[PDB]
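As given, the protein sequences belong to chains A and B, one line each in that order. Residue numbers for the first sequence, in full-length UniProt numbering: 1 to 120, 131 to 213. Residue numbers for the second sequence, in full-length UniProt numbering: 1 to 37, 47 to 217. Where is the CB? At the ideal position from N, CA and C, for every residue including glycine. Here the structure comes first, spelled out in C-alpha cells, and everything after it is commentary.
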Amino acid sequence: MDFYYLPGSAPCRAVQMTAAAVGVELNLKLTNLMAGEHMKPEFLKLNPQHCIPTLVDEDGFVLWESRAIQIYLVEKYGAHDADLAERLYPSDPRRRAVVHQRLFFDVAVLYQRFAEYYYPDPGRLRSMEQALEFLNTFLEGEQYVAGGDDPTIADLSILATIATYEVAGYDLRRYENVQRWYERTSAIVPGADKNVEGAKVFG
Amino acid sequence: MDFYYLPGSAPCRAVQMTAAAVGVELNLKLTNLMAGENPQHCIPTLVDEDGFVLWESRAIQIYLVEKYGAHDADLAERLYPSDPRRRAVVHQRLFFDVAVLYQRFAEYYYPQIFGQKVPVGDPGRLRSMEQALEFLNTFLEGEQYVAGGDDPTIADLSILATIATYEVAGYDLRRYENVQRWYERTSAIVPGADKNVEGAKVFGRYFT
Ligand SMILES: N[C@H](CCC(=O)N[C@@H](CS)C(=O)NCC(=O)O)C(=O)O
C-alpha cells in the first residue's frame, strides 16, 4: 500500500504509528509540498483535496485524513488480531464514542490551535494553552487519553500532535498529566521513537 | 436523553437530524453561552439514560446510530455503512466537515460577527473558504450524497447543518452547482430538516 507523506508531518506520523501497530508495511512515497508534488495531475486524480497523508490500498482505494486512515487500518488490517483491534479501537459504543471524541478534539482543537499559534500572539497563545489544559483535564487519573487499559488510536493521534508541541519548544511540563502521559505512552507504543525522531529531525 | 444545545449551532443541528433519523426524542436544554450556563463547556452535550456524558457532535452522531439505530440493521447500515471502505469515506467527510468546511467558514465569518467585528472579510480566508466549497462540489460530482451510497449517511447530515449556516451567512451557494443540487435534494428528504432550517435561521441573528 502506497503512503504519500512528509517525514515531519504529525498526521503522517500518526498513520505510521498505527500501521506499525497492526503489522502493516507502508510503501513510502515522499510527497514534497514545497516542490508542488501534491498539485501534479497524477496526485489530484488520486486525491482531489491534494493533501497528505494519502493512502492507496492494494485495490486502488484512495483514502486521506490521518484519523480516517487510522480507523481503516484497524478495521481492515487490525481485525486479523481480534484482541489487538479491540485494544486500539474498542467496539463498545460508549468506549468508542470517547475515542472518536478525542480524535475530533485532536483535529479541531489540539492540532488546530497549535497550527494557529505557531505557523503565522498572546490571543492564539491563550487559545492553544486552553487546548493543553483541556487535554490535561482529560488525562486526570487516567493513563490514556480516551481511557482504557491500553493505548487506543486516539493516543497514537495525540502522540503525533504532542510530539510536534514538544519540538516547537512548548514547556509541556506545565501540564503535569500531559507530560506524564506523553513520556509513558512514548515508551510503550510501537514506533513511538520514530514519531519523536521524525518530529525532531524534520518538524 | 438530555441535550444541552443552541438552535443556531450547526453541530447541535447535526445531532438533532441524526436523532430524528434514529427515532430518538431529545429533551432539549437551552444553554445560553454568551451568558455562561464537559470541562470544555462544549455544546452540544448529550447526557444519556445512564448519565454518560458526550460532546463532539460527530462522536454523538455515531453513538446515536450505533446504540439507538442498530436495532434496525438496515437503517443503521444506511446512515453509517459498516464496510471498512464505505465507512472510511463517511469518516473522512466528517473530519472534512469539522476541520475544513465549517472551520474555514468560522475563520472567515467569526471575526466579522463576533468580538471586534472586523469591517471586512480577509481575502485569504475567503479564498480558503471557497476552496472548501470547491472540494465539496467535487466530492458531489456524479454523486447523490457526500460520501456516496444510495441514501444519505450521517456525513450528509453533518454537512447539511454546516451548509445551512453558509446559506444564512448570505454566501451564494448557487456558485457551486453540485452543492446547491445536493443541498435542495437532501433538505427535501432527511428527518429533522425542519429543525435544521429553523435553527440555521436563528444563527442569522449574527448577520443583520
Ligand atoms: N486533517 C489532517 C490534514 C493534514 C493536512 O492538511 N496535511 C498538510 C500537510 S501536514 C497538507 O497536505 N497540506 C497541503 C494541502 O492541503 O494542499 C490529517 O490528519 O490528515
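Tell me, which residues are paired with residue i by DSSP?
{"i": "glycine 78/B", "result": "For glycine 78/B, which the question treats as bridged, DSSP gives no partner whatsoever."}
{"i": "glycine 157/A", "result": "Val155/A"}
Any heavy atom of ligand 1 closer than 7 Å to the Cβ of residue i?
{"i": "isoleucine 163/A", "result": "no"}
{"i": "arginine 113/A", "result": "no"}
{"i": "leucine 33/A", "result": "yes"}
{"i": "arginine 136/B", "result": "no"}
{"i": "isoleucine 52/A", "result": "yes"}
{"i": "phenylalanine 43/A", "result": "no"}
{"i": "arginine 67/A", "result": "yes"}
{"i": "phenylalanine 148/B", "result": "no"}
{"i": "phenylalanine 104/B", "result": "yes"}
{"i": "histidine 38/A", "result": "yes"}
{"i": "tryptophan 64/A", "result": "yes"}
{"i": "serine 9/A", "result": "yes"}
{"i": "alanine 108/B", "result": "yes"}
Is residue i near ligand 3, with its Cβ less than 7 Å from a heavy atom?
{"i": "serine 137/A", "result": "Judged by which ligands are present, ligand 3 is missing from the structure shown, whose ligands are ligand 1."}
Take every Cβ of the segment 9-22 of chain B, pair it with every Cβ of the segment 191-199 of chain A, and state whether three or more of those distances are shorter than 8 Å. No, because fewer than three Cβ pairs between the segment 9-22 of chain B and the segment 191-199 of chain A fall closer than 8 Å, the two stretches do not touch.
Minimum length 4: unbroken alpha helix (DSSP H) runs contained in the UniProt domain "GST N-terminal" (1-81) of chain A: List check, alpha helix (DSSP H) in window: 10-22, 41-46, 66-72.
Stretch-stretch touch, CB-based, cutoff 8 Å, three pairs: the segment 20-30 of chain A with the segment 167-181 of chain A: No, because fewer than three Cβ pairs between the segment 20-30 of chain A and the segment 167-181 of chain A fall closer than 8 Å, the two stretches do not touch.
Runs of alpha helix (DSSP H) lying entirely within the segment 86-141 of chain B, each at least 4 residues, in chain order: Qualifying alpha helix (DSSP H) stretches, in chain order: 93-105, 112-122.
With a cut-off of 8 Å, do at least 3 Cβ pairs link the segment 149-161 of chain B to the segment 124-140 of chain B? The segment 149-161 of chain B makes no contact with the segment 124-140 of chain B, as fewer than three CB pairs between them are under 8 Å.
Between the segment 59-71 of chain B and the segment 91-110 of chain A, are three or more C-beta pairs nearer than 8 Å? Short answer: they touch.
Check whether the segment 80-92 of chain A and the segment 142-152 of chain A are in contact - that is, three or more C-beta pairs closer than 8 Å. No, they do not touch.
Under 8 Å, with one C-beta from each stretch per pair, do the segment 133-144 of chain A and the segment 101-117 of chain B reach the 3-pair mark? Flag = no, the segment 133-144 of chain A and the segment 101-117 of chain B do not touch.
Runs of alpha helix (DSSP H) lying entirely within the segment 145-199 of chain B, each at least 4 residues, in chain order: As far as the segment 145-199 of chain B is concerned, its whole alpha helix (DSSP H) runs of at least 4 residues are 163-177, 186-198.
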